[PDB]
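Contents: one structure, followed by commentary.
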Amino acid sequence: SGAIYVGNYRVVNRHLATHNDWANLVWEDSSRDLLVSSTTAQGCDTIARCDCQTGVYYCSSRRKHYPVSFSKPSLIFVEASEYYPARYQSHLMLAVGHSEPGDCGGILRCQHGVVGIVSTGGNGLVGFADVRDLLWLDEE
Ligand SMILES: C[C@H](C(=O)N1CCC[C@H](C(N)=O)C1)c1cn(C)nc1C(F)(F)F
Ligand SMILES: [Zn+2]
C-alpha cells in the first residue's frame, strides 16, 4: 500500500483505490495502473521533473529502502493477475529488486523528488509506474 500527496491530489495504484478515491476522482488510467483523487488538505511531495535512471525505493515486505538502477518508462507486458488480464502496461520502469504482493504504492525517489510508485513484481524484478510526465500534478 501507499500514496503520493502533491498539492490537492492523492496518487495511488488504480487497482488499490478505495471507495473514497472513486467518490472524489480526478483522473485514472487502467493502462498505467494509476488513479488520482482530490484531497481537502494540501500535500507536500515534490514530483521529479527529470530523466534520472537511479533512485531509492521503499519495499514494505522487507521494511527497507533500496538503491536501484531502473529503465526508462516503456510499454511492458505484464502477466495476468486478479486485478488485470495479461496486457501491456504503459509508462512502466523496471529494476532488479524485491517486490511481492503488498509492496504496491511504495515510493521511488531520485535527487529531484518522487519518480513513481511500485506497481508490478515477479521474477526478481520490481516495476514502477512513472508519474514524472504528469505535469498537471504541479498545478490547479
Ligand atoms: C502479481 C503481482 C503483480 O505484479 N501484479 C498484481 C497487481 C497488479 C499489477 C499490475 N500493475 O498489473 C501486477 C506481483 C508479483 N510480485 C512478486 N510482486 C508483485 C507486486 F509487487 F505486488 F506487484
Ligand atoms: Zn531525477
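Start at 1 with the first residue, then count along the sequence. Order of listing sets the numbers, starting from 1, for every ligand and every atom in it.
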Quick one: look up the protein heavy atom nearest atom 22 (F) of ligand 1 and list residue, atom name and how far away it is.
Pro101 CA, 3.1 Å
Rounded at 0.5 Å granularity, tell me how far CG in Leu125 sits from CG in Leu94.
6.0 Å
A student checking ligand 1 against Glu100 at a 4.0 Å heavy-atom cut-off should list atoms 16 (N), 17 (C), 18 (N), 19 (C), 20 (C), 21 (F), 22 (F)
Chi angles and distances behind the side chain to side chain contact (heavy atoms under 4.5 Å, CB included) call for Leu108, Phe70:
CA-CA 10 Å; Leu108 167 70; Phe70 52 95; 3.8 Å; yes
Atom 20 (C) of ligand 1: the protein heavy-atom neighbour that sits closest, reported with distance to 0.1 Å
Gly121 N, 3.6 Å
Examine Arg87 against ligand 1 and note whether any of their N/O atoms are separated by less than 3.5 Å.
yes
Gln89 versus ligand 1: do any nitrogen or oxygen atoms come within less than 3.5 Å of each other?
yes
Start with the C-alpha gap between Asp33 and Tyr84, add the side-chain angles, then the distance that decides, and say whether side chain to side chain donor-acceptor pair (under 3.5 Å) holds.
CA-CA 9 Å; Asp33 184 41; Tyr84 300 105; 2.6 Å; yes
min-distance protein heavy atom vs atom 8 (C) of ligand 1 -> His15 CE1, 3.7 Å
Tell me if a side-chain donor or acceptor on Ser37 pairs with a main-chain N or O of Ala23 at a distance below 3.5 Å.
no
One finds that the ligand 1 atoms under 4.0 Å from a non-hydrogen atom of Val78 are 12 (O)
Are the aromatic ring centres of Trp27 and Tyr9 under 6.0 angstrom apart?
no
Does either side chain, that of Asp29 or that of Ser31, offer a donor lying less than 3.5 Å from an acceptor on the other one?
yes
Listing by chain and number, which protein N, O or S atoms are under 2.8 Å from the Zn ion (ligand 2)?
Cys50 SG, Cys52 SG, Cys110 SG, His112 ND1
closest protein heavy atom to atom 21 (F) of ligand 1 is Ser99 OG, 2.8 Å
Atom pair OG/CG of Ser74 and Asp130 - distance to nearest 0.5 Å
9.5 Å
Which one holds for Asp33 and ligand 1: side chain close, backbone close, both close, or neither close, with close meaning a heavy atom under 4.0 Å?
side chain
Within the structure, does at least one protein heavy atom fall under 4.0 Å of atom 14 (C) of ligand 1?
yes
Are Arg62 and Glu100 within salt-bridge range, i.e. N to O under 4.0 Å?
yes
Hey, are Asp138 and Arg49 close enough for a salt bridge, meaning a charged N less than 4.0 Å from a carboxylate O?
yes
Is the shortest N/O to N/O distance between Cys104 and ligand 1 below 3.5 Å?
no
Parallel, tilted or perpendicular: which fits the ring planes of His65 and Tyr58, with parallel below 30° and perpendicular above 60°?
tilted
Just which atoms of ligand 1 are under 4.0 Å from any heavy atom in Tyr83?
7 (C)
If we only count heavy atoms from C-beta on, is the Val131 to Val115 side-chain gap below 4.5 Å?
no
Close N or O approach (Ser119, ligand 1; < 3.5 Å)
yes
Option from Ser61, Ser1, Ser119 for which side-chain hydrogen bond (donor to acceptor under 3.5 Å, both in side chains) with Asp103 holds:
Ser61
